[PDB]
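Below is one structure, written out as structure tokens, with a few remarks after it.
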Ligand code: SF4
Ligand code: SF4
Ligand code: SF4
Ligand code: FCO
Ligand SMILES: [Fe+2]
Ligand code: NI
Ligand SMILES: [S]
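Chains as they are written, first to last, in full-length UniProt numbering: chain G, 13 to 499; chain R, 38 to 125, 129 to 315.
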């Protein structure tokens, strides 16, 4: 039996998911990105400095990630060495949106697959047999208490995510689409007053993450333990490193790294290539293109193609990205809340992320990693608010070079992100973006290997074809951003 | 009674939607529960696929002539509208392009509100270098011969007050037209309420400007004119309203990039080169 879902809602952008189900399980899958804009084409001929504003429009949910990648690509090309205060300030602007993005995702995008909302649009209509907390918990009072607990958090989170945007705006100017990050650093030197204001807002957000978000995640997982055992996929993950902790970019809050076929290895950017065999693009050569020589020639007519998302591979292997990838790669210590709740609710003794072991790689493992990463990012932001120096220079003035190349590496809330810039005659000659969801929501490559999401869908239980809840649940655990995946 | 809304996305970045989530007059929970009945919105709605599309089409007929069609993102006409597939109708196959959806829904709406510079004027997706045949809602209406009230609420993204304010004013008018007037629009179809003021004329740095005191750098004192500020040729009330609950704004932080204008971005570029 085939099931097609278009639009797959509560995901950013245009996404179509098609699966074949057999014996109550998904046996095949195809993922399609249905909207293309062509930023890599639009940027050509422009003043290189404009890119940090233009690329932000790739996505209104994660604009700071693209802005960061862009200003680093420009710093690289222009030969700019950022100041300590400039580096810290850009982490503060970006860190506030990491918090916003994850909170936005869990509650406002993922939570409606588990929490029964009020009986008014857009909470209804919904699948009739939605397998919500209210359907799973048989004791009436406990079911109401848990659903209400989750719903009240959904509502409070609407306000929490807004406060994180006030935090981004503090040194970023406004949000969505900041004005504060440019090649050379940050445009506004932090004042002691503004740092205190960011901190006061920050305290409220951190409190919510620790007292509400983490507790709900772990509680949710304890109800949906079956979801820690499906939505596996490739089990290959990659991270480029985010939030440089020193001016030479030698250290990061979460390190660059790769985990493929059960082995951890250091990341080498020379092994990243994009395939377009089943994507709506023409490449001048078969075998995949390294990003430094990437091409953006759209072709909706290409026989065999089914998506505007190109297919990135590392050493020819599909690798997933996002919180799970960073957390697996870095293996940080789990929050006090998680350590305690894993013991109390699951009988699991864990101190580090990898202690989730086997299935950190599942629908629930992805939500857990994202919640833990939120707490981890919050711990770091509190540290940065102490390192930032009011009055210290945040900006270095640089000039557009006649001809140069630059590459910016970072991690968007959804995964690994790089921007490659090439200048000629002081203008953008080529601009290539290898962005987050691109790695997760890609179609089959030329050799025929499924993208991480298509692969993770294989095996997902669909006992009810008319109410295929786990398909959307698996897809949303990746927090896909199709605007980013296609650009 | 709540204003019925069907929110559709074409070539958008979801930035207009996120900006709406940041509203404070009133906050998003009150907007959704007390002000509008958000019937369809791909980013936040419970239902998906056929159920989501069927509900949208169901509302479009039942509320035919009584729902606001909100458009986020531009409309691509090249390659038979295949650069933006918004859905797949249940009746065997039938991929719906943004072109098809708007052509269908816009005539049944009470009014179409193009939120964001993308839908209003084309914006970034329609800028030089695109090959998608990206179009604004007004240009698409003309091509399609669609005769429907269209309000443009530009900005990249628009401030939530402009979006909410325009919609509340429009809904009050629908409810009691002889007592509540529609927002007065400029020649570019945008509300004079929010886009009548010139940034530069209302800018706090104006005295520095008039005294030739220009910041040589982003972090030096003075007017931002030399840094590329497009406030002189930009009409929005940002200098008084500011952004993110009055926390900061583009000009104080850096430079205005003229995001609300019909010629954004090409006419406002380079961004870091003085007008
Ligand atoms: S107007 Fe700007 S913020 Fe709104 S959808 Fe278009 S690019 Fe995104
Ligand atoms: S900062 Fe921009 S809007 Fe303000 S006075 Fe100077 S040029 Fe005019
Ligand atoms: S100050 Fe200029 S760039 Fe900033 S929101 Fe207002 S019109 Fe757009
Ligand atoms: N987070 C985010 Fe956006 C995606 N996927 C980028 O890069
Ligand atoms: Fe790309
Ligand atoms: Ni994004
Ligand atoms: S971001």
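The C-beta atom is built at its ideal place from N, Cα and C for all residues, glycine as well.
| Check | Outcome |
| --- | --- |
| Alpha carbon to alpha carbon, what distance is there between residue 117(G) and residue 491(G)? | 7 Å |
| Considering residue 231(G), what are the terminal residues of the beta strand (DSSP E) in which it resides? | Residue 231(G) -> not in any beta strand (DSSP E); alpha helix (DSSP H) instead, spanning 226–235. |
| Can you name the start and end residues of the alpha helix (DSSP H) that residue 177(R) belongs to? | 177–184 |
| Could you list the residues in the segment 62–86 of chain R with a C-beta less than 8 Å from some C-beta on chain G, going in chain order? | 64, 65, 66, 69, 70, 74, 75, 76, 77, 78, 79, 80, 81, 82, 83, 84, 85, 86 |
| Determine, using beta carbons only, whether residue 85(G) and residue 495(G) come nearer to each other than 7 Å. | no |
| Under the three-state reduction of DSSP, which class applies to residue 190(R): helix, strand or coil? | strand |
| Measuring CA to CA, which of 278(R), 66(R), 149(R) is closest to residue 210(R)? | 149(R) |
| I'd like to check one pair, residue 183(G) with residue 200(G): are the Cβ atoms closer than 7 Å? | yes |
| Just list the alpha helix (DSSP H) runs in the segment 190–227 of chain G, keeping only unbroken ones of 4 residues or longer that don't cross its boundaries, in chain order. | 204–220 |
| Could you tell me which uninterrupted beta strand (DSSP E) segments, each at least 3 residues in length, are contained entirely in the segment 276–348 of chain G, listed from first to last along the chain? | 284–287, 323–326 |
| Using a cut-off of 8 Å between C-beta atoms, extract the partners of residue 59(G) located in chain R. | 309, 310, 311, 312, 313 |
| Would you mind stating whether residue 405(G) and residue 95(G) have Cβ atoms separated by less than 7 Å? | yes |
| Report the residue ranges of all alpha helix (DSSP H) runs contained in full by the segment 23–57 of chain G; include only those spanning at least 4 residues, in chain order. | 51–54 |
| Quick one: residues in its chain with C-beta nearer than 7 Å to the C-beta of residue 308(R), no 5 flanking neighbours on either side, listed in chain order? | 270, 297, 298, 301 |
| Compute the Euclidean distance between the alpha carbons of residue 264(G) and residue 279(G), then round it to the nearest angstrom. | 13 Å |
| With a cut-off of 7 Å, does the C-beta of residue 283(R) fall near any C-beta of chain G? | yes |
| Short of 7 Å Cβ to Cβ, which residues in the segment 244–261 of chain R face chain G? | 257, 258, 259 |
| Which residue or residues does DSSP assign as beta-bridge partners of residue 499(G)? | According to DSSP, which records beta bridges pairwise, residue 499(G) is partnered with nothing at all. |
| Which residues mark the beginning and the end of the beta strand (DSSP E) in which residue 41(R) is found? | 40–46 |
| Which class does residue 79(G) belong to by DSSP, given the choice of helix, strand or coil? | helix |
| Using CA atoms only, rank isn't needed, just tell me which of 292(R), 144(R), 180(R) is closest to residue 94(R). | 144(R) |
| Please list the segments of the alpha helix (DSSP H) lying wholly inside the segment 71–154 of chain G, counting only runs of 4 or more residues, in order along the chain. | 75–90, 96–115, 145–148 |
| Between 61(R), 111(R), 85(R), 229(R), which has its C-alpha nearest residue 51(R)'s C-alpha? | 111(R) |
| Any chance the CB of residue 290(R) is under 6 Å from a heavy atom of ligand 6? | no |
| Can you tell me which of 172(R), 137(R), 119(R), 43(R) puts its alpha carbon nearest to the alpha carbon of residue 108(R)? | 43(R) |
| Output yes if chain R places a C-beta closer than 7 Å to the C-beta of residue 118(G); else output no. | no |
| Around the C-beta of residue 127(R), are 16 or more other C-beta atoms found within 10 angstroms, so that it is buried, or is it exposed? | In the structure shown, chain R runs from 125 directly to 129, leaving residue 127(R) without coordinates. |
| Are there any heavy atoms of ligand 5 lying less than 6 Å away from the beta-carbon of residue 445(G), as far as the coordinates show? | yes |
| Using a Cβ-Cβ distance cut-off of 7 Å, determine whether residue 51(R) contacts chain G. | yes |
| On the criterion of 16 or more Cβ atoms from any shown chain inside 10 Å, does residue 460(G) qualify as buried, or is it exposed? | exposed |
| Of the choices 41(R), 49(R), 63(R), 125(R), whose alpha-carbon is the least far from that of residue 201(R)? | 63(R) |
| In terms of alpha-carbon separation, which member of 69(G), 136(G), 112(G), 31(G) lies closest to residue 69(R)? | 136(G) |
| What are the boundary residues of the alpha helix (DSSP H) that residue 16(G) is part of? | Run containing residue 16(G): none in the alpha helix (DSSP H); it sits in the beta strand (DSSP E), 14–17. |
| Note down, in chain order, each residue of its chain lying with its Cβ closer than 7 Å to the Cβ of residue 214(R), except the 5 sequence neighbours on either side. | 150 |
| For the candidate residues 102(G), 139(G), 62(G), whose alpha-carbon lies nearest to that of residue 76(G)? | 102(G) |
| Return the bridge partner residues of residue 271(G) from the DSSP annotation. | 249(G), 276(G) |
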